[PDB]
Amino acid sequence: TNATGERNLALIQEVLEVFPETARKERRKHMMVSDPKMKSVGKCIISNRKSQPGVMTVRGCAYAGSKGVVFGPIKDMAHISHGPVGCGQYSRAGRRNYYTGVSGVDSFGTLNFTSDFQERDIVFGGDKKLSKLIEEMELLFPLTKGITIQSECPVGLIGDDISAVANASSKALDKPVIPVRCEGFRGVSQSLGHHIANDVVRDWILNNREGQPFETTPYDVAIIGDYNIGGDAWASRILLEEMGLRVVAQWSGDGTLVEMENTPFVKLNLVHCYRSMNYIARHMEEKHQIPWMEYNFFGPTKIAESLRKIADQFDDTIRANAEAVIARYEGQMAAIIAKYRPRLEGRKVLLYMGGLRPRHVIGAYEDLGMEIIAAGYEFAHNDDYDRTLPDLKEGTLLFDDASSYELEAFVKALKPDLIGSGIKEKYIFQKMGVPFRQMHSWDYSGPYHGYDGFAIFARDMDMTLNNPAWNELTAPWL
């Protein structure tokens, strides 16, 4: 490897000396240094394993992956956090999966519906309480299109059968009532929640309009895996519709049960988040013969590449439309590079997020002249690590399911100019004097997808990297 790769291998060694010998050996398999001649990670890294006990993993649980990520954004359904009160309260409106509607009336994403388990429910089971809750839900929220039941930890442990309740209640209400066994003890992270949720959509939603007439066009597509953080999916959909495509569905940012049921009628599935929804895309290819492709709408290089590749799946009219859309936004893109690249170029970034963004945003940083010196994921699988390798410079530190100790030690040693990570990481690194942008919530900004999102992303990296307060952490008498 190069001199960076060597410094990073020595750093891995030095950081892991703190761990008890067993954990140390185990953790050494979760980090590596990139090689531009490598097409696949092979044995260089492992991932999607259990977290080490007690190390302060960043990871969440399967309910976060199912309720928090995949189903919670669907605006026309009511999602029940079924179990004790915590899970639903902590995840109430924490994720900025934007949608339009009238809250509590035709759209329900900011309400927290829960069965608020008490000891009586643990002792006698919660299925009767769940059935009565669903009756009260229908009386008070009549315009729901469907209801989901998001299991928390106790539900499967006490032996409840929410699928029996969902079947009975669906008949009673004559609306889809969908049971999800996404108890947080399952799996190792948010990731199994995604997979669980995709299997539930496969069985309980996707076949609901099978055999029915549906008026198609030759250019029908679905956005698969964009949760519209700060309106990211709207900033993506606009480009696809400007290119002459009809976006029949968006999964699941600003999404609806209806759109999901109409997804089997499209011509092409466009997968943005591969980790969370590749499962259902593969299922639609095998059952419905709908092709799918991965794309990336972060920054001008990736956007143009994506628009051209998506348009190449259709015909010359859509191919010409892709060139027209790219030409239409080229002046905006040139102005953004001219104003912000000189303020950011040369600066070094460390990224740590969940399962997509740690690789996906690299192009946009590179468009602004920045360099990624380390990238990690909370819960990605080795096929995500494989997909990260083409966008890393040789010797970059690449790592998986880091503890807070390990992130802090990497930051202290590597001295990135800017960090992109989450809310639990933000206030630690700011106190260490490192500019920090939340790359899950967009630090209450965004969108970052699309052409309109690239302007905001550039504005935001400059605002934070170059803020005058970073020159004031040391008192002037020290």
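Quick note: we count residues from 1 along the sequence shown, nothing fancier.
Once the C-alpha B-factors are averaged per stretch, 291-299 and 173-181 rank with 173-181 first. Two stretches are in play, 320-328 and 234-242, and the higher mean C-alpha B-factor belongs to 320-328. In this structure the maximum Cα B-factor among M277, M77, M333, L397 is found at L397. Between the residues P218, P142, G363, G354, the entry's highest C-alpha temperature factor is the one at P218. Ranked by C-alpha B-factor against the other modelled residues of its chain, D116 falls in the middle third.
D254 sits in the lowest third of its chain by CA B factor, as recorded in the PDB entry. Sorting the modelled residues of the chain by their CA temperature factor places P416 in the middle third. Compared with the other modelled residues of the chain, the Cα B-factor recorded for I122 ranks in the highest third. When the CA B factors of the chain's modelled residues are split into thirds, the value for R347 lands in the highest one.
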